[PDB]
Structures are given as structure tokens and as C-alpha cells.
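First chain written, first letter: the chains are A, B, C, D, E, F, G, H and I, and each begins at residue 1.
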Amino acid sequence: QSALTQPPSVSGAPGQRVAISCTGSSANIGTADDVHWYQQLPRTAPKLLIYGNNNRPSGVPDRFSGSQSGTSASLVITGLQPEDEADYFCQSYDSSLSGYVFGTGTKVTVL
Amino acid sequence: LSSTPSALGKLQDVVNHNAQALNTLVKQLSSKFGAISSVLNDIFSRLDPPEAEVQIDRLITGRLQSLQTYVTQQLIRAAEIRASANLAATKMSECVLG
Amino acid sequence: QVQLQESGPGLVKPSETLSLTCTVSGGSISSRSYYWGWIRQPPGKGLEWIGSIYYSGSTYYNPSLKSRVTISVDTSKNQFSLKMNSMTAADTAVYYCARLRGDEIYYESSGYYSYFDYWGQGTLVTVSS
Amino acid sequence: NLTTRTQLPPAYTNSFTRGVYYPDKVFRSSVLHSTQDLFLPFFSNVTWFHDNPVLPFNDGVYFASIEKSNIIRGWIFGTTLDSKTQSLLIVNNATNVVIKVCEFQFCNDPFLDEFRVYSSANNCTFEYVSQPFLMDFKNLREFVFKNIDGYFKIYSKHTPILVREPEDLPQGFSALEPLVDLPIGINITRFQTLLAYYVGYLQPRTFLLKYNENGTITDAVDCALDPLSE
Amino acid sequence: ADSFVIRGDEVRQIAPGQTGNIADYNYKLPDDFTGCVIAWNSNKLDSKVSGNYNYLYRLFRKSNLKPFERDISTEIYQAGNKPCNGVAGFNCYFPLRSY
Amino acid sequence: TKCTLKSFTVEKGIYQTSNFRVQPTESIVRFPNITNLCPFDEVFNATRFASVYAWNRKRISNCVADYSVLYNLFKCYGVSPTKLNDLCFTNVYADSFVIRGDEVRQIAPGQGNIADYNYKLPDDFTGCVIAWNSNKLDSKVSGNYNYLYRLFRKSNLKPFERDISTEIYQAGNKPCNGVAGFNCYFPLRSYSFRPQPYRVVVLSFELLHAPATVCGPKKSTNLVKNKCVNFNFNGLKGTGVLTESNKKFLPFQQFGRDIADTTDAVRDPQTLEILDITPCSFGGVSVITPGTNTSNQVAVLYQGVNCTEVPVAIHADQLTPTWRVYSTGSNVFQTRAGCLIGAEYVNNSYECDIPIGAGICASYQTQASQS
Amino acid sequence: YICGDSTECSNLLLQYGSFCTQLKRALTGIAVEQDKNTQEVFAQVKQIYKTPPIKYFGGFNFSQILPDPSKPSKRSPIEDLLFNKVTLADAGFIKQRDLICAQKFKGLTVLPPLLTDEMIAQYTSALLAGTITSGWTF
Amino acid sequence: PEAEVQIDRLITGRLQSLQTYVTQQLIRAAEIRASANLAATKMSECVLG
Amino acid sequence: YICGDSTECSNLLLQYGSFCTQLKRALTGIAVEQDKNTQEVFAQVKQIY
């Protein structure tokens, strides 16, 4: 239903490329449709950060995007900013249950 | 017998005719016979008994005709299998016992 | 200028009556003809979806929240209510009101996808006490 | 804004085993279903364009686009395209899709660069802004536009392909999953697109569909197509 | 030869499986009925501008009719879910009506 | 066996007499847990209405209808009016309008007025209408300046197709544009009543549904699984056991269908799981007797069932869990032909006396008494 | 088969009356006739004969037609080959995604035969043992 | 609503005529099958020996 | 036989189900059965003498 495998943390050295990913089953992400990534600063609402497997909403900058292809979805972040130290979540639309499954989260830590 | 899969065709035709008659009787249940619906529950849940009665009488006479047809084919095939079994018993007595 | 105000008390015992109200701050965006949902997040855990409503009806529920409690929308007063009646011990969490996406006019469409775009501040409720 | 363009003669191509969608919402599995519905005839002549000519909508249209990037950004549906009757407009604007049923008033050659599709949008009666229908010459997009009385059904599929660029609509099979079910009560007899390009027309035919263990169609046979298929 | 006086709007409602002012509230005909129902205009005997208050019918019932069943009551029917509490108000009616 | 053979003496053998069937024990109904009520005051009572040729839609959606309050203000189509109160669907389409006394039967699924020319009621109509006669209350001559009637056009329209153009149309031998001639007329005239508009309330009920939002006034009960129950899932009546399907339903799918034209699975309206529609167990009944000349003791074969799906506890079957009106027997044995009750299984092999099936035969032998 | 068994449709089959009983009698006669056919073909002997434990018959090798005791079916290699080449579709058992035998839910059941496969194999074994050890004399 | 009421009647009668024809052809085919089996047996046992 | 030369009966005979499929399979079986009968009676020699 979910099968969402996501790394818990990744090195967040500033000015350096960080690639994160979540992989599910072949019913929600493998249909190449409706996977969202959310950014959650601590004690702050988790705003919609990127949608449509790569499509960027209003206000979200460049060099910071998604590269989903098939069962695995991934974000590339070239040039990490000090305001990007947050927790990143996935969300995918499955057809068997539509349980709106979320990921465990990738808490980036700067150093 | 191993090299030819159609060697046992005389028995497989009996099995396929029985299963095919039953499957024809099942697909025949999914038919309307001129009524507005093949589902009895829909006619009882949408129509009053002076009109639901003639609709279900149409369906019930369809199922009566289907069952009578199935039993007529089963009697004809049972006569054929009886003739084949009488031939098999005659061959058993005259080929195996002598 | 899209803001979502949330209201609801924060401390009950198990088997108690509570309700969360979500109001629109006044923006025409995310006001009336949008899909809606609630998100529950335990402290120390990640996000997980609980509630969603599509136009007038068509409500989808989490497996934990399948028959657990219902949801309602008063469209005219811009009120998005999630009832909280007799909660189990695992519902001590922060709750977020959220609009999905999609303006729609005058009819009842059929879309096969979902979103969450704008989020409320988040209200904490405690039930394990 | 009206802008002048160059008219070209059409081309024609093969359809192969392509253009089969889900006819109903009932989930059948591991069966062979015989259906009598609108389908694209197998091995038919699909009209192939490279301009934006005004084409008829003969009771359901299969549409396909093979391209490298986002070039064909939407469609236009209606009977007459002036401010007399209502019409449907679908625009895939970069990060969203905008679907409007209005009265409208178009130019002669609508296209996307900027927005010069029309001039007025008086009396808007349906609007829908959402996730863009377009996804991922390697890209192939399939759509089926079926106008039933009351509903406009769009069926879609997206496929990365690696074939020869001319005359090679690829063979194989891919069922077209349902995309959107618009509740629009308008007449549609003619359509146009916004700027490869393939248009085929649906016909009421009898198909045999193979439903596997996951409920996905993996084979379709047309009895009308060939005696063996019959 | 059961006889009674109805209104002209529901002449044809003396039949099984019917809903109406006299069909589902006061008189019911059986489904296995064999016979005939006869109706005639009584303006040579009962042409009145006001109502004839010896021939009335009920507009409401509490339980469904039986074929060939009499039902005489002076009770006040409650139509809504709110209790009537004796005095008739909104969605609470005295069921008896007249021409 | 005696009543089947039409005899007071029964010969020795096995006789197929009746069919074993299982009663539904719980009579359950499953509706979505809605607490709303239909505001019928807006439905029955209003003061301004749209025209006979261009009427509108005051759609009462997601509002639980009750039809016992119908006669506080008839003709009914599709469903007879005694049983609209148990149907379930998603939306109610309102299709109300005004009429004339010579138009009381022309706006119909069958029978011929301006509605056939400018805005039409479908022939495939699955709703129920209300015939309100309002001359004695709204006493006036002209109903409205927007209420007009005509006789013909050059072409009829589809149901819910709107074309209210005020122009001369042609059914003759020449086109006419503001020109009178042979079948060049403009018959659109307004109403002028004599002793007063009349009004019809229409509630059209849809098909081809999503999961249902509106139901009847029947109170839903609890869901009972793994037992033969009499169920009702949003108007779908039947009898069977309700096990979990393990089927891959898409979220917009509400019913699964088998080979025949019936429903194999249904989505539960409240907890949203998928339940198999499996009818509860049955089989033929075979009565094994040695003959009434010999004895009245019989053994009963319930064909093709397990010994757990059959009445075994004969002392508790007066509560009627089965369609079998009686229940007898002492010894219970499982055979591939079915569950055999009444015969004691022995390990000694004898010649076959009364055949049962799968190598098992029955006989009336000495064990010392007869059994 | 005619009515949905959750309904009063069965109250109108009494208007036809003697028709369903006529099918049940006819199908019972067919079933008893099939059991009689199997009994006439295979029960040609009143005694179950056995081969001697030393299977030497002057150089004639009968191991492919005599039953194999090392297998639980107690059948010959030829008989074990014959039962594997027939895709059998009976449902003569108590045991209850769906297959073709979901037609049982429409009232169409299959009765198991009186003689099982093992008893027919034992009749065949007795006939083979008789015709090997005794000729036509048995 | 009266036409297909009568057409259902006449189709049902003609379909029953076809069912009667097919049933009697099956019975006659079984009879000819028995006669042809007897003829083949007579050919094998009278002509070939 | 049932509807005719050009009478539109696809809305009529399709309401009764797969019944003429049963007639067609039955008559085809009868035809194959007589060809098998002639084959069994006369073709009993491996060579033409």
C-alpha cells in the first residue's frame, strides 16, 4: 500500500549538492503520478514544497527540484541554504486504498 | 501417449462437454429474454407487482426453457455414454476375459 | 494572502468530547470550492494523513480513522470541523488543517489524485494523560 | 491574437494494436470480456501532422503526441468557435492545467509561446485548475476524448519511447487508464490544438479484452479486424 | 356492496397498490379482488358550495391499511419528528378533511 | 419420502426428497452514518418559479428524503411510490416547472407542448413527480410575462437542451426571416388563464453512482460476518455470508461482478472494506431407508456440505436456523458425498446395499439390535 | 437457478409445480445410470485377484501395466500417465480467486461417483492379475 | 410497447420451433450413429473376415 | 430464420443470450458426427487395393 523506503538523515554541508529519495510500490509512484515532497522546519507548518513529481509551486527557487523516474522519486538540492535545514516528506496517491501514505522523513543536518 | 496430447481426446471431450454445458447454463442466466432486467431483485425493487409479475414471468419462463434444454442435452449425451459404456463392457468381456 | 486559523482545546481524558474548527482567514483562494483534509502528526513522529473531504461528500478516511469519527464542512461559514469523540491513547498529536488544490465551479467532477498545499499552524491535543 | 502560419498537407500512419481504454468502472480480473463500445479500429489510418488545423470530432477522438519536450500544450473543443455557443478549453500551463467551459471567442490560429488562444471568456460556467495532464523525440502521450451525453471522458497514458522518428508509431499494447470525467453538458463536434501529432477516430466496435490478476488489460482482440480475431 | 362518498379528485384510487387521500389513509382494495368499483356524480343530490359535514375522510394515518378494514379515530396525527404535545402546531395535523 | 413418492409404503433405497437451505439469522442493513434530514419546506413551498419552456434546477443534494410527508401539498415513474423510501443513490436532480390544464399530461416520459420544443423532460425518467393544482390559491389571469406557450418549431430538442430563441421557424417550402408564409409562424404566446398557474415539483433520481450519500429513513444496523444474514447494502438486497474479499478494488469502485449478471462483492458504506457476496451453504437432501416393511428408522444425507454447516444439535433447532423444518439424527459422519446423519460408521467392509457416494454404502444390519 | 433465493420469486414456481421435480428425477436417473455404467464396465469379477510376489512370467515384463506399490495411488505407470493427461473439472468433494466451480453458487453441483479412482484401479488390478495368472479361465 | 410484446411472442415460437428441430436432429443423429456403428462392425466382421 | 433478410433484430435476439450458439455447436457436432460415421464405415483399409 505504501512501501515507502526513505533514509532518516543525510549530510547537509552548505553549498553542496544533496540528493534525497523515497521509493514505494508500483501503484502510486510507479504510475508516474501525484507524488509530493513537503518541507517542515521545526515548530513550523509543513508547506507544500514540490509536487507533480517535479513541478514547482509559486515561491520555490531554482537549482532545487525533483527527478522522479518510475518507482523511485528523488529531490536534488544544489547549493543548500541555511533556511533549508528541515525535514522532507513524501506523499503518493495509491489506487488500491488511497490511504495518502507519507514517508518517515529525511532530517537534514548542516555541518 | 506422452508425445500425443490429443490421444485422450475421447475423454477430454466428455469433460469439456459437461463443463461447457454448465458454463453455457451459467452465461445463459445473464440474459434478459426481452425483460427490462436480468436481475430479479432490481425488478422487485423498482416495479409494482402487476408489472413486476409479468417481467419476472418472462424471466422465469426463460430459466424454465434453459433448464429443460440442458436436461434434454444431458439425456441425449447420457444415452451416448451408455452406448459407449455398453461397448466398453462388451470389449472387456470379449477381449480381456477371453 | 492565504491563512488558515485553527481552534480546539488541547487536553482531555480518554472517552471525552472535543472538536477542531478550521476557518479561512478571508482569502478567496482556499475559501469555498476546494478539497480539504486534516493531517495528524505525533510528537517525535512524522506526518500521516487522517481526513479528507471532496466537494459536498465523497469522504475518504484513514484505516485508523475509517469508522473512528466523522468530518463536516459548513461551506457558508467557511467552517471545517473534525469531531474528536472518545479518542484512543495514540491520538496525542499536533493536527493541521490543509487545503488540497483545485478550484471547481458549479458541478461535481471526478479527479483521480490529491494534494495538500496550504497548511494551518497546528494545534496540539493530549489524550494519554 | 491572430497570427499567420503555414499550411501543410496531411500524412497518414498505422495504428497497430494501440488505442484501447477501460470501458467501465467495474473492476474485472483474470477474465476475457466481450464488449461493444467505442474503440479505435486496429491497423487503421491515423492522420499524422507535424500546424494546428481545425479537425472534426467524430464521436470520440484518439489523440497522440510524440515529442521531446512540452510543445503541444492543450486542446480546444466545440461546435462553432465564435461567441455564439459554449466551448471547452484545456491549457497545460507549465505548472498547472486550466480547463474552462465558457462562451469564448477565439482567434484563427491559437497557440502558446504568451497566451493568444482567445480574446474573451464571457459567461464562464465551468473551471478546473489542477495537476497538469501532460507528464515526463522520446516522449509519447496518448489520450482518448469521449463525449457521452452528459460527460466528457479523457483517458491518458504516458510512455518513454526510443524508436525511429518518422512513420513509427510503435507496435505493442498499452491500456489507457482513465484520467478525468468532466460533467459538462455541451455539444462537441470539432476540435483544435494549441502549440509529431496523431489523430485517429473512434467507431463502435466489438472487442475482446484480457483482464489479468491485477485488473489491468494486457491484450485486446478485434473480431471485426480479422476472421482469426473473430 | 360496500358504499361510501368520496371526492372527485380520486375516483380511480380505489385499487390495490395505490397512494392517495383515500387510497392509503381510509380504504384499501385487496390485490386478489374480483368484482367491480362503481362511481357516479352526485350533483343532483349533494351539490353544495360548502362542505357536507356528514361525509369526511382522513388525510393522515399512523399505520398502513388492511383490505376491507374500517378505521375510525379522533386522534391528532404527528407528522414531524418533534412531539406534538396535544396542541397541533407545525407538522402536526388533525387528519380529518372534508369536501 | 412418503409424500414425495405418494405412498404409505416406501421401498428400500435412497430417495432425493427436498433441498437443504440455511435461514438468514440476522437481518442487517448498511447505510452510511448520516444524521441529516431533507428540508422539504423549500421543496414543496415556493412563490416564484421558472418558465414552462426554460425551467431551472433547485437540486436538493445530500439530504435524506422521507416520502411519508408527500401529501402535505401522485403520478410516479420508474419506481412505484410505495417503495421510493428504501432506495439509495447519490444526488437528487430537481426538475420543477409550471404548466397549464391542457398541459398536465404533455410534460411526461410518454405524452406534447412547448417542453418538447424548448426544454424537455426525459423519456428515461427515474424520478417521482408531484401534481399540485394551484388555481384555487393563486387566482390571477396572467401567470407571468415570462411564462409563454407555442405550438411548433422546425425541429425538436433533446432532454435538458435549452433553445429559447424568438424567431420564426420554417416547416414549409421556403426559408423565412421575419416573413409570414406557408408554415412560417411565430406561435410563442403568453399564458392568459380563465377561472391561475399550475405547478409541478419533480425530483429526478440518478444512476451510475459513486458511494451513496443519501438513503431512506431505515435505521442502519451492525455488520455481521461469516454467518448467513439477510443484507441490504444501499438498496442491494440479498442473503448470504459476508467474508473479506481480498480483492484489489479501486477507490471509485463500489461493486464487483462475477460471470453472471449479479454482484459478487460490495464495498461497505461505513468502514469502506470490501465484502464478498457468497450465498450460505446448501445441498440436496437424500433419505436412506431400509423400507417401511422393515423399519421406520432412516438416515439422512445432506449432499455436498460439511458437518459444521449442518444442524447437528437437533435439540436446539426449534429456533429455526435452517430452512429444514425438522432436525433428526444421532450419529454424524463426514463423507465426500456429504455430511451423513443417522448412520453409524463401521470399519467392516460389506457388499453395497444402499449407495451413498465415494465408496460409502449404507445398510440396516445387526450390531445386539438393528440400526 | 431460477430465483435468487432471497426473495418470494419461489412462490411463483408453484404455479408451474411439477417441472423442477421432473428435472430432479431425470438428473437422478442420469446419475444412477452413470454409476451403473461404471459398475457394468469394471465389476466383471467377484474376486480381487493378485499377482504372485515373484513377477517373472517367462520373460514378459508387465511392470508398466501392473500397479506400482511404491506410489500412494496404487496405479500402474500407464494409469498414472493417463490421469495426468486429462484436465479434470469435477467438483465431487466437500472442500470449498474464484474458479469455474463458482457455478456451485447458482445451484449447479457435481455429485461424486460411487466408485472412487482407487476402487476402479483395484478392479483393473484384479482383471490384470486374473488374465496374467489364469488366462481366460477366471 | 406493444410491438416488441408481439415480437417477443413470435420470436419465442420460432425459437421453440428451432429447439424442437435441433432436439429431433440430435435424436436421429444418435439413431444413425448406432446404425453406422453396426454397419462398421458388420464391415469389419463380415467383409474383412 | 428468426428475423429475416434485413429486419433489424440485433436488439431482439441478443436479449435472449447465447442460444443460437448452442444450436450452431449442436448442428456442427451432428455434421462432424456423420463425417466420422462415413469415415469409420468405409475407411477401414490402409491401402487402396
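Criterion: contacts are C-beta pairs under 8 Å (C-beta built on N, C-alpha and C of every residue); 3 or more make two chains touch, one makes a residue touch a chain.
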Labels of chains that are neighbours to chain A and to chain D: C, F
Pair of chains joined by the greatest number of C-beta pairs in contact: B-G
Intercentroid distance (Cα basis), chain G paired with chain A, Å: 63
Chain C-chain I separation of Cα centroids, rounded to whole Å: 66
Centroid distance [mean C-alpha coordinates] between chain H and chain C, Å: 71
Rounded Å distance, chain D centre to chain G centre (Cα mean): 58
In chain A, residues with contacts to at least two other chains: 33-34, 51, 57, 95, 97-98
Per-residue overlap in chain G, given as positions that touch at least 2 other chains: 4, 6, 103, 106
Touching two or more other chains - residue numbers and ranges from chain C: 60, 108, 110, 112-113, 115
Pairs of chains in contact (touch as defined earlier), listed by label: A-C, A-D, A-F, B-E, B-F, B-G, B-H, B-I, C-D, C-F, D-F, E-F, F-G, H-I
Interfacial residue positions of chain A with respect to chain C in the complex: 33-34, 36, 38, 40, 45-48, 51, 57, 87, 89, 91, 93, 95, 97-105
Partner chain E, residues of chain F touching it in the complex: 37, 68-72, 74, 80-82
Of all residues in chain I, those that touch chain H in their complex: 1-3, 9, 12-13, 16, 19-20, 23, 26-27, 30, 33-34, 37-38, 40-42, 44
Chain C residues touching chain A - in the complex, by the definition given at the top: 37, 46-49, 52, 60, 62-63, 96, 112-122
Touching residues (chain side chain I, partner chain B) in the complex: 12, 15-19, 21-22, 26
